[PDB]
Amino acid sequence: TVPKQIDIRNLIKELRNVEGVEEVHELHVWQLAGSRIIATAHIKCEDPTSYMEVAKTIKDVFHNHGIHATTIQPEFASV
Amino acid sequence: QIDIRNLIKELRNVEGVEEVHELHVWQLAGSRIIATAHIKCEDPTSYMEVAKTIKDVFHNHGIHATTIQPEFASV
Amino acid sequence: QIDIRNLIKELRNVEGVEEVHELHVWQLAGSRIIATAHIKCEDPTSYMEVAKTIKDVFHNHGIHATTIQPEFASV
Amino acid sequence: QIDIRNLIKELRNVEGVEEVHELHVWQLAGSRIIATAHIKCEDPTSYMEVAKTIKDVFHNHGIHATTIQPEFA
Amino acid sequence: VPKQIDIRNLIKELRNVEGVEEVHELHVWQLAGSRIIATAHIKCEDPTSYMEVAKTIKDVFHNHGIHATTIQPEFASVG
Amino acid sequence: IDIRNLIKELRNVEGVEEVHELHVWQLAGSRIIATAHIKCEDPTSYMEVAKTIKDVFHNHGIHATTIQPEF
Ligand SMILES: [Zn+2]
Ligand SMILES: [Zn+2]
Ligand SMILES: [Zn+2]
Ligand SMILES: [Zn+2]
Ligand SMILES: [Zn+2]
Ligand SMILES: [Zn+2]
Ligand SMILES: [Zn+2]
């Protein structure tokens with residue numbers, strides 16, 4: 001039941017590559033017992049509206065690595 | 001052992017918060033308590049303000065690393 | 001829309017520039033190249049100081065017409 | 001799709017906006033519309049006040065991604 | 001005649017510290033007689049998180065032989 | 001610039017309990033940077049005095065600063 005943090009190749013690159021994603025930090029990928037991988041990340045975006053637009057794309061990036069449960073914290077640009 | 005019961009009540013209590021799910025509070029490390037949650041809100045208006053309040057709630061419970069995913073109905 | 005190699009690297013390399021995003025370079029009819037970017041600095045004062053350097057970076061690539069949105073850590 | 005001419009009028013019409021130039025609206029592939037503009041105000045303080053309104057003006061025209069260069073007197 | 005250096009990976013290692021939300025304005029200077037000093041701005045969730053991560057950051061610098069640092073903390077929240 | 005007057009003005013700022021490790025550097029292309037460690041009551045006081053400190057430096061033409069608070 002004790003989770004172990006793994007390091008998926010290219011994941012952060014693909015995330016940084018998503019249109020609308022201005023920066024990525026605090027990416028964590030965990031192996032829960034019984035094969036279930038989850039991930040969290042903080043993502044910088046222009047504003048709340050842009051986040052709504054890119055949330056799906058981000059989730060797809062994770063889904064491409066077989067990851068179905070994510071928690072993404074958006075942080076927003078500050079003029 | 002945390003006080004998850006009280007924590008989730010206070011989180012549900014924050015103005016702008018319509019619903020809270022996928023709350024996880026971890027202290028797996030030799031130390032450092034982390035928390036994640038998903039939070040439903042009507043729309044992005046005052047999101048900055050509601051994010052801050054949520055973060056405060058966690059801080060008041062000694063939780064200082066958090067990742068909060070908002071889900072918005074509208075806007 | 002073009003892709004100028006090294007441009008974003010050179011921009012990120014300018015002293016006082018904390019971050020660059022949303023860089024876009026356009027070719028208007030077969031001649032006039034325009035560029036737009038968001039640029040993070042410490043604060044408004046730092047931005048004023050580095051604006052000329054940033055403009056030079058663009059100028060070194062033949063770009064004379066820019067639209068720059070400054071974003072700030074502080075102030 | 002949109003109307004640049006009406007858009008610029010609405011932008012110039014925002015209280016505190018002293019001048020709008022270099023307004024461009026781009027259609028990127030896959031439906032994504034971007035807009036850039038230079039906008040003059042009296043000073044930084046006035047700009048902060050009108051920034052939100054400007055963003056709304058763009059939003060009202062279905063434009064979600066903007067780059068705005070403020071200029072001052 | 002002091003000069004800026006670029007220690008490889010340093011900003012990566014700093015950004016990699018758990019609880020670091022952002023690093024900017026990193027400067028590493030070579031002072032005469034071999035003495036390397038460093039400055040940085042480091043963003044954290046709040047004061048409490050910063051106290052926890054300050055030691056780790058100091059270690060990161062120490063691993064590169066750097067003993068004298070001036071680190072400006074920036075917080076998402078005061079509290 | 002004048003380090004001596006600068007340090008006086010900094011020590012003079014309300015909330016600043018002590019100042020050490022003040023350095024002012026000239027980077028190429030005219031850009032002056034300054035760093036300092038400052039003793040202050042607590043995080044809240046620091047937020048209040050950060051702006052004042054920044055102003056003090058700005059008054060001397062210094063636009064980029066790194067200030068390390070010690071509480
Ligand atoms: Zn959810
Ligand atoms: Zn931006
Ligand atoms: Zn202009
Ligand atoms: Zn973050
Ligand atoms: Zn900073
Ligand atoms: Zn040592
Ligand atoms: Zn000290």
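The sequence lines fix the lettering, A, B, ..., with proteins before strands; numbering per chain opens at 1.
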Open item on the list: Could you go through A/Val21 and A/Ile58, starting from their C-alpha distance and side-chain angles, then the distance that decides it, and tell me whether this counts as side-chain contact (heavy atoms from CB on, under 4.5 Å)?
Closed with: CA-CA 9 Å; A/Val21 172; A/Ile58 288 153; 3.9 Å; yes
Open item on the list: Among residues at least two apart in sequence or on other chains, which ones pass side-chain hydrogen bond (donor to acceptor under 3.5 Å, both in side chains) with C/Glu18?
Closed with: none
Open item on the list: Tell me every residue that passes side-chain hydrogen bond (donor to acceptor under 3.5 Å, both in side chains) with B/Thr67, counting only those two or more places apart in sequence or in another chain.
Closed with: A/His42
Task: Beyond-backbone contact of E/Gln4 with E/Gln30, side-chain heavy atoms, under 4.5 angstrom - done: no
Task: Minimal non-hydrogen separation, A/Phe62 against A/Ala41, with atom names - done: CZ-CB, 4.4 Å
Task: side-chain contact (heavy atoms from CB on, under 4.5 Å) between E/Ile42 and E/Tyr50, intermediate numbers included - done: CA-CA 9 Å; E/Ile42 279 167; E/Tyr50 180 70; 4.1 Å; yes
Task: Partner residues of F/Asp2 under the side-chain hydrogen bond (donor to acceptor under 3.5 Å, both in side chains) criterion, sequence neighbours left out - done: F/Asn5
Task: Minimum-distance pair of heavy atoms, taken over all atoms of E/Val53 and E/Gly19 - done: CG1-CA, 3.9 Å
Open item on the list: Give me each pair satisfying salt bridge (charged side-chain N to carboxylate O under 4.0 Å, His left out) with a member in residues 40-56 of chain A, each pair once, sequence neighbours excluded.
Closed with: A/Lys44-C/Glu19, A/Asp47-D/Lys55
Open item on the list: If the condition is side-chain hydrogen bond (donor to acceptor under 3.5 Å, both in side chains), which residues does D/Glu15 pass it with, not counting sequence neighbours?
Closed with: none
Open item on the list: Could you check whether any side-chain heavy atom of A/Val29 comes within less than 4.5 Å of a side-chain heavy atom of A/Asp7, counting everything from C-beta outward?
Closed with: no
- [ ] State, with a plain yes or no, whether a side-chain heavy atom of C/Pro70 is found less than 4.5 Å away from one of D/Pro70.
- [x] yes
TODO: Could you list all the salt bridge (charged side-chain N to carboxylate O under 4.0 Å, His left out) pairs where at least one residue sits in residues 61-75 of chain C, not counting sequence neighbours?
DONE: none
Task: Under 3.5 Å side-chain donor-acceptor pair for D/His61 and D/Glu10 - done: yes
Open item on the list: We want to know whether C/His64 and C/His59 form a side-chain donor-acceptor pair, criterion being a heavy-atom distance below 3.5 angstrom.
Closed with: yes
Task: Sidechain-backbone polar pair: C/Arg12 side chain, C/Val20 backbone, donor-acceptor under 3.5 Å - done: yes
Task: Inter-residue atom distance C/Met48.CE - C/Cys41.SG, 0.5 Å rounding - done: 11.0 Å
Task: From NE2 (C/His24) to CD1 (D/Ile34), nearest 0.5 Å - done: 4.0 Å
Task: Minimum heavy-atom distance F/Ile7-F/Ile3, with the two atoms named - done: CG1-O, 2.6 Å
Open item on the list: Would you say that C/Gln69 contacts A/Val79 through its side chain, given a criterion of any heavy-atom pair below 4.5 Å between the two side chains?
Closed with: yes
Task: Aromatic ring pairing C/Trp26/D/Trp26, orientation class (parallel under 30°, perpendicular over 60°, tilted between) - done: parallel
- [ ] Please examine the side chains of C/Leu23 and C/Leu11, heavy atoms only from C-beta on, and report whether any two atoms are closer than 4.5 Å.
- [x] yes
- [ ] Give, for atom CD1 of A/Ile6 and atom CG of A/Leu11, the distance between the pair rounded to the nearest 0.5 Å.
- [x] 10.0 Å
Open item on the list: Would you say that more than 12 heavy atoms from the other residues, nucleotides or ligands in this model lie under 6.0 Å from the CZ of D/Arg32, or not?
Closed with: yes
Open item on the list: side-chain contact (heavy atoms from CB on, under 4.5 Å), that's the test. Do C/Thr36 and C/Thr66 meet it? Break it down for me.
Closed with: CA-CA 6 Å; C/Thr36 76; C/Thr66 62; over 6 Å; no
Task: Rounded distance (nearest 0.5 Å) linking atom OG1 of C/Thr45 with atom CZ of C/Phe72 - done: 9.0 Å
Task: Shortest non-hydrogen contact between D/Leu28 and C/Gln1, atoms and distance - done: CD2-NE2, 3.9 Å
Open item on the list: Set out, in order, the CA-CA distance, both residues' side-chain angles and the distance that settles side-chain contact (heavy atoms from CB on, under 4.5 Å) for E/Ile7 and E/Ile66, then state yes or no.
Closed with: CA-CA 11 Å; E/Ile7 276 161; E/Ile66 297 154; 4.0 Å; yes
